[PDB]
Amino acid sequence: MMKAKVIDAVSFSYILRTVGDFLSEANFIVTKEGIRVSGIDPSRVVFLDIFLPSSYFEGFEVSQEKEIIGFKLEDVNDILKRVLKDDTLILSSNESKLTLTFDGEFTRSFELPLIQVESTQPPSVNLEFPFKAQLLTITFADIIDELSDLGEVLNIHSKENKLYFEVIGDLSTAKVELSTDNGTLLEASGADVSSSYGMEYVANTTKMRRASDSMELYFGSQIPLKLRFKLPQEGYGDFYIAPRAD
């Protein structure tokens, strides 16, 4: 038995739509402190980790210290496709079902029998990155959305605290510089590094623009790219993307 009420259903449904690009199935880890969603994609290239603190919700109650909720992503996302923009959404559970409840102009519920999703271990967060930058989620989205359709490999490099995104495609190449100098980066510190990542995985994450206004970007040579999407209630959407053959 748990109950959680999100006011901004739209910007929640896009979080789940982003997870569904990487995972078929996942667990909601429900605790006093909030809900966590963690997992590695089938190709073992991407690990994601989403934390929605209790503060993120309006109503938030539990019947236990730890509740594991196994769900298919397609099944949940098909349901969230029926959201009605003035619908306040409620997540709800018990011994057998996860319930998604649309309430607003009138009340509607969708039931999914629980499924057995294998647990996830990182393990374990923290190496540090020789480079860190802060930027608007929209800026990142504007840039990745253009580049995403040009090629398969994203080259990222830093020089003298400026950040560079590059794609060399079969018909075009595009290289863009971001800096604090003209506020395209909010903050930017670290060493001159260089790495490359699969465009496809990185481009999947731009939908987070709809849930996150600010973001952090971490990386280095021959190490994963970390995308931290800052969510409004100290919540975060974390995406770790493995480097390519170096």
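One rule holds for the numbers: they count along the sequence shown, beginning at 1.
**Student:** Comparing average C-alpha B factors as deposited, tell me which of 216-224 and 27-35 sits higher.
**Tutor:** Per the deposited B-factors, the answer is 27-35.
**Student:** Using only C-alpha atoms and the B-factors in the entry, which stretch averages higher, 129-137 or 83-91?
**Tutor:** Per the deposited B-factors, the answer is 83-91.
**Student:** According to the PDB entry, is the CA B factor of residue 50 in the bottom, middle or top third of its chain, that is, lowest, middle or highest?
**Tutor:** For residue 50, whose C-alpha B-factor we compare with every modelled residue in the chain, the answer is the middle third.
**Student:** Among all modelled residues of this chain, ranked by Cα B factor, put residue 178 in the bottom, middle or top third, i.e. lowest, middle or highest.
**Tutor:** Middle third.
**Student:** Using the B-factor values recorded in the entry, state whether the Cα atom of residue 166 falls in the lowest, middle or highest third among the modelled residues of its chain.
**Tutor:** Bottom third by C-alpha B-factor.
**Student:** Compare the C-alpha B factor of residue 150 with those of the other modelled residues in its chain, then answer lowest, middle or highest third.
**Tutor:** Tercile = middle for this residue's CA B-factor.
**Student:** Which third of the chain does residue 59 land in by C-alpha B-factor: lowest, middle or highest?
**Tutor:** CA B-factor rank for residue 59: highest third.
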